[PDB]
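*Asks:* Take a look at the following structure, please.
Just so you know, all these numbers are worked out from the coordinates, no wet-lab data involved. Reconstructed Cβ throughout: ideal geometry from the backbone, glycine too, with neighbour counts over all protein chains shown.
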Amino acid sequence: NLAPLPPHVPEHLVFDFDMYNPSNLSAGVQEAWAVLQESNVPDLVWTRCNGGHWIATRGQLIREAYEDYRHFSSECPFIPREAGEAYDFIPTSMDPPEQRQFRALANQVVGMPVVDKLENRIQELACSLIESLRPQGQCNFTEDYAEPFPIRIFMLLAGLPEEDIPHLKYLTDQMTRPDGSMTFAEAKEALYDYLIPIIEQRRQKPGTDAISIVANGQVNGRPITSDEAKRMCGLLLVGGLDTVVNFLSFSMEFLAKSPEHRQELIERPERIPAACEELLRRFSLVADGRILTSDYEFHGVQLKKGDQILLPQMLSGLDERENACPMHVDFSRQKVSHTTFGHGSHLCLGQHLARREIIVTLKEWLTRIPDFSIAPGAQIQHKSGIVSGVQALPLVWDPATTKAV
Ligand code: HEM
Ligand SMILES: CC1(C)[C@@H]2CC[C@@]1(C)C(=O)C2
Ligand SMILES: [K+]
């Protein structure tokens, strides 16, 4: 249902897009969001769905807003408003200047040098999973690879038992694509319930896992509090359990449907890093936003203090004003413009981990299973939310065409 239009919002800018269930979802989630960029549609629209909020539809406005933290605060970054208000993860719920000391701590646990440390175990895991699947001639890609591969890497980094995944994965999903059984506040409270005793424990007896590092850490040279450590560790869990997991399934679905693209990467595997970046553009998948700190005129539209504005990271690279023929995947694309990992001071801290996981996946999969397709008859369904994903991805191949390494 539709929230009554506020007096300040002009009627001609109303476009009732539902970020948790977009109209055109059956055509693909990126396609469904791209309807906001059809010729009829202003650069900035108001939807009455999900309590009512602005949506910037073009990369120019999305970038500008993400740069301007004085007008567009990350204190309430999720729609609906109750989710945004409850949202308190660190660093994302904080604006500069105080945000920054916390980013620096987070970088000690997910930064380039840590990923270099993880490199061999990331490869080993990719390979053990793929080799196991290779002979079977089929898989449920979401559950058999996309989920276990990035998630087990995160649980290893965090020093958490793998048997805790189904519970944590359920909770993180309720924050990004809720099935209605939990509010965001409830899911958050449960993630923190899980974390609290582990944080206390690791402050007492420090290990070398990510939770210990964060929990015993300093920010601008003063000790982090247990509450700060919990708000940072929660976010890290979310990043680990619901980002790359979804992205891998979009990419593999595309490769399953497009032999010429796989052929290109089999014939020339040096192109894989560039292909990674182009898939990160075409199959971009995050959309969160900001809250207005004051009344502010933006691109000829009056915004009011407290208005929420969705700034979909997904849309920038799909914008035909950033990338010609945006829905086409071109591994040779000369200037791959996107905001897939965000923009401004909250630029994704996990992006180095994410690119390593994706590139290792592409290399190792195509090396063993170069020819595969979607199970015949399977109608692939996407799902939309703060992070979008794929419900299920049944794949099939002829074992005879595979190669053990
Ligand atoms: C394909 C994978 C990924 C995508 C597309 C993605 C995207 C994003 C986006 C758009 C933001 C900015 C949100 C905002 O401005 O409100 C962000 C921030 C963040 N990301 Fe990622 N991310 C991914 C992977 C990961 C991973 C694997 C981790 C951790 C293991 C992670 C950790 C974080 C953290 C801690 C921040 C907050 C930075 C801040 O608020 O200063 N990311 N990411
Ligand atoms: C929007 C995000 C992808 C980014 C990292 C996890 C996530 C859901 C957040 O709350 C911040
Ligand atoms: K908040």
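*Asks:* Consider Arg321 against the criteria (1) among the basic types (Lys, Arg); (2) assigned to a helix (DSSP H, G or I); (3) away from ligand 2 (no atom under 16 Å from the Cβ): it satisfies all of them except one. Which criterion is unmet?
*Replies:* Failed condition: (2).
*Asks:* Further, regarding this structure: What single numbered condition from (1) out of contact with any strand residue (DSSP E or B) (no Cβ under 8 Å at 6 or more places or on another chain); (2) within 16 Å of ligand 2 (Cβ to nearest atom) fails to hold for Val360?
*Replies:* For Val360, the failing item is (2).
*Asks:* For residues in segment 345-360 being part of a helix (DSSP H, G or I) and out of contact with any helix residue (DSSP H, G or I) (no Cβ under 7 Å at 6 or more places or on another chain), which is farthest from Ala146 (Cα to Cα)?
*Replies:* The selected residue is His346.
*Asks:* Could you grab me the full set of residues in segment 216-263 that are over 26 Å from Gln381 (Cα atoms) and either among the basic types (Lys, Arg) or surrounded by fewer than 17 Cβ atoms within 10 Å (Cβ to Cβ) (or both)?
*Replies:* Matches in segment 216-263: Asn216, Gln218, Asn220, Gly221, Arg222, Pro223, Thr225, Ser226, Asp227, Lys230, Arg231.
*Asks:* Restricting to segment 52-62, name every residue that is crowded, with 18+ Cβ neighbours inside 10 Å and part of a helix (DSSP H, G or I).
*Replies:* Correct list: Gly59, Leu61, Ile62.
*Asks:* Next question, about the same structure. Restricting attention to segment 83-107, which residues are surrounded by fewer than 22 Cβ atoms within 10 Å (Cβ to Cβ), more than 16 Å from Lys230 (Cα to Cα) and touching a helix residue (DSSP H, G or I) at 6+ places or on another chain (Cβ under 7 Å)?
*Replies:* Across segment 83-107, the qualifying residue is only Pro96.
*Asks:* Sort out for me the helices (runs of 4 or more DSSP H) sitting completely within segment 80-174 that have 3 or more residues that are farther than 26 Å from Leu191 by Cα and touching a residue at least 60 places away in the same chain (Cβ under 8 Å). Before you say what the answer is, go through the steps one by one.
*Replies:* Values: elements: 81-86, 99-110, 112-133, 148-158.
Answer list for segment 80-174: 112-133.
*Asks:* What's the total number of residues in segment 21-51 that are in a loop (DSSP other than H, G, I, E, B) and in contact with a helix residue (DSSP H, G or I) (Cβ under 7 Å, 6 or more places away or on another chain)?
*Replies:* 5
*Asks:* Can you pull out the residues in segment 63-73 that are within 13 Å of ligand 1 (Cβ to nearest atom), surrounded by fewer than 24 Cβ atoms within 10 Å (Cβ to Cβ) and not in a helix (DSSP H, G or I)?
*Replies:* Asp68, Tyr69, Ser73
*Asks:* Here's something else I'd like to know. Taking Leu195, is it part of a helix (DSSP H, G or I) and at negative phi? Steps first, answer last, please.
*Replies:* Working: part of a helix (DSSP H, G or I): yes; at negative phi: yes.
The answer is yes for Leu195.
*Asks:* Also, quick follow-up: Kindly provide the set of residues from segment 282-318 that are among the acidic types (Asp, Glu), away from ligand 2 (no atom under 16 Å from the Cβ) and in a strand (DSSP E or B), ordered by number.
*Replies:* Just the residues of segment 282-318 that are among the acidic types (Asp, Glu), to begin with: 288, 295, 297, 307.
Then keep just the ones that are away from ligand 2 (no atom under 16 Å from the Cβ); that gives 295, 297, 307.
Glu297 - this is the single residue of segment 282-318 that is among the acidic types (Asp, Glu), away from ligand 2 (no atom under 16 Å from the Cβ) and in a strand (DSSP E or B).
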